[PDB]
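K.L.:
Sending over a structure as structure tokens; questions will come in a sec.
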Amino acid sequence: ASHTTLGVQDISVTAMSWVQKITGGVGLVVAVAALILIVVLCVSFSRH
Amino acid sequence: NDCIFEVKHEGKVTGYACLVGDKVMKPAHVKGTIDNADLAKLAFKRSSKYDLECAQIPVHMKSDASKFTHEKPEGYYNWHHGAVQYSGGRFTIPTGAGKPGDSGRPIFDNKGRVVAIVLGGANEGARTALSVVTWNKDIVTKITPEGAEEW
Amino acid sequence: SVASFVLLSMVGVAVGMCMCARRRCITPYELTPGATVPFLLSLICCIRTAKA
């Protein structure tokens, strides 16, 4: 092979953007569930 | 005024539980289970924020439950060991009326309805301070002074 | 070295002014009977948990 080897787990293609589309889904479902938990925690401390 | 209904835990001096409005209520720190089998088989919700547990009253015995109010003006109140008072935003008793094993008793107003439940206290002779739960407008709350212990 | 001495003391005097501000803000509520302090201010001035 006249080129050097690939990063195999790194330097995946353009149109791997599925990875970012699902991570910007599941990772925002985590962010929103943590936001919901933080706002109910915050008012539960107003309830002391 | 003895127009009161309650139950105990494991058939011993293990604290108490109340019928209020349409729901059973009980402390979370007490050992064992309710004495009356027709209550004890029910599914109970709980919260460590209030040291508390609760269930719906069976419809055939809902008529036996005590009434309640959110009101807490300064003055004097009724409970099974007597001499209970509300002043300075605190419930209080003289020491001899309250100790370990007596937790879960309801405090009643001068018209015979529950205002609060005794969980425990911090001792002194003339005015022992109490740890209690009570309702504000239409939401439950816990009150607890400095240095109290549950009974 | 002299830039470190001024910059590390500038964050030092900011902490000193933050302390000086907190004590003048909180002592009116501390020096009053009946546990008076509101919820929002308790979080802003970092007084542990609740109005107790």
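Order-wise, the sequence lines are chains D, L and F. Per the authors' numbering, the first sequence starts with residue 392, numbered consecutively. Per the authors' numbering, the second sequence starts with residue 111, numbered consecutively. Per the authors' numbering, the third sequence starts with residue 372, numbered consecutively. Every residue gets a Cβ at the ideal spot worked out from N, C-alpha and C, and that includes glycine.
Give the C-beta separation of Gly231 of chain L and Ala258 of chain L to the nearest angstrom, bearing in mind that I take them to be a contact with Cβ-Cβ under 8 Å.
P.N.:
Working through the second sequence from its first residue, we reach residue 231 of chain L at position 121. Working through the second sequence from its first residue, we reach residue 258 of chain L at position 148. Contact holds; Cβ gap of about 6 Å.
K.L.:
Measuring CB to CB, does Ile227 of chain L end up less than 8 Å from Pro216 of chain L?
P.N.:
To locate residue 227 of chain L, count along the second sequence from 1; it is residue 117. To locate residue 216 of chain L, count along the second sequence from 1; it is residue 106. In contact: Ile227 of chain L and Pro216 of chain L (Cβ atoms closer than 8 Å).
K.L.:
Run through the region 133–199 of chain L for me and flag every whole alpha helix (DSSP H) of 4 or more residues, listed as ranges in chain order.
P.N.:
Listed in chain order, the complete alpha helix (DSSP H) runs (minimum 4 residues) inside the region 133–199 of chain L are 147–150.
K.L.:
What three-state label does DSSP hand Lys209 of chain L in the structure shown?
P.N.:
As a working note, residue 209 of chain L is residue 99 in the second sequence. Coil at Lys209 of chain L, not helix or strand.
K.L.:
Find the residues of chain D that neighbour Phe376 of chain F, judging by a C-beta separation of less than 8 Å, and give them in chain order.
P.N.:
Along the third sequence, read from residue 1 onward, the residue named residue 376 of chain F stands at position 5. Under the 8 Å cutoff, chain D gives no residues; its nearest Cβ is about 40 Å from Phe376 of chain F.
K.L.:
Pick out whichever of L:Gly206, L:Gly208, L:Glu181, L:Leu152 has its Cα sitting closest to the Cα of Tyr196 of chain L.
P.N.:
Residue mapping note: residue 196 of chain L aligns to position 86 of the second sequence, counting from 1. Minimum Cα distance to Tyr196 of chain L is reached at L:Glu181.
K.L.:
Determine, using beta carbons only, whether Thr420 of chain F comes closer than 8 Å to chain D.
P.N.:
Along the third sequence, one-based indexing puts residue 420 of chain F at 49. So, interface residue.
K.L.:
Counting pairs of Cβ atoms below 8 Å between the region 161–173 of chain L and the region 130–138 of chain L, do you hit three or more?
P.N.:
Cβ pair count under 8 Å is three or more, so yes.
K.L.:
Output, in chain order, the set of chain F residues within a Cβ distance shorter than 9 Å of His439 of chain D.
P.N.:
As a first step, residue 439 of chain D is located in the first sequence; it is residue number 48 there, counting from the start. Within 9 Å Cβ-Cβ: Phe410, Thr420, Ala421, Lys422, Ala423.
K.L.:
Name the one or two DSSP bridge partners that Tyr126 of chain L has.
P.N.:
By one-based count along the second sequence, residue 126 of chain L stands at place 16. Paired residue(s): L:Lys118.
K.L.:
Where does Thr414 of chain D sit, in a helix, a strand or coil, going by DSSP?
P.N.:
Position 23 of the first sequence, counted from the start, is the residue given in the question as residue 414 of chain D. Note: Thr414 of chain D maps to helix in three-state DSSP.
K.L.:
Along the chain, which unbroken stretches of the alpha helix (DSSP H) at least 4 residues long are found entirely within the region 376–423 of chain F?
P.N.:
Qualifying alpha helix (DSSP H) stretches, in chain order: 410–415.
K.L.:
Could you give the C-beta distance for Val250 of chain L and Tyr160 of chain L, rounded to a whole number, given that I count them as a contact under 8 Å?
P.N.:
As a working note, residue 250 of chain L is residue 140 in the second sequence. As a working note, residue 160 of chain L is residue 50 in the second sequence. Between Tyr160 of chain L and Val250 of chain L the Cβ distance is about 6 Å, and since that is below 8 Å, they are a contact.
K.L.:
Which two residues bound the contiguous beta strand (DSSP E) that contains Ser241 of chain L?
P.N.:
By 1-based counting over the second sequence, the position of residue 241 of chain L is 131. That run of the beta strand (DSSP E) goes 238–246.
K.L.:
In terms of DSSP beta bridges, what is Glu260 of chain L paired with?
P.N.:
By 1-based counting over the second sequence, the position of residue 260 of chain L is 150. Looking at the DSSP assignment, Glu260 of chain L forms a beta bridge with L:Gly230.
K.L.:
If you run the structure through DSSP and keep just helix, strand and coil, what is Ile427 of chain D?
P.N.:
For the purposes of this step, residue 427 of chain D is identified with residue 36 of the first sequence, where counting begins at 1. Correct three-state label for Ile427 of chain D: helix.
K.L.:
Look at the alpha carbon of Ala193 of chain L and the alpha carbon of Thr179 of chain L, and state the distance between them as a whole number of angstroms.
P.N.:
Along the second sequence, one-based indexing puts residue 193 of chain L at 83. Along the second sequence, one-based indexing puts residue 179 of chain L at 69. For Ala193 of chain L and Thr179 of chain L, the distance between alpha carbons rounds to 20 Å.
K.L.:
Rounding to the nearest angstrom, what Cα-Cα distance links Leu412 of chain F and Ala406 of chain F in this structure?
P.N.:
Locating residue 412 of chain F in the third sequence gives position 41, where the first residue counts as 1. Locating residue 406 of chain F in the third sequence gives position 35, where the first residue counts as 1. If you take the alpha carbons of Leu412 of chain F and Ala406 of chain F, they lie about 13 Å apart.
K.L.:
Is the CB-CB distance between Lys172 of chain L and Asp145 of chain L below 8 Å?
P.N.:
For the purposes of this step, residue 172 of chain L is taken as the residue at position 62 of the second sequence. For the purposes of this step, residue 145 of chain L is taken as the residue at position 35 of the second sequence. Not a contact, by the Cβ cut-off of 8 Å.
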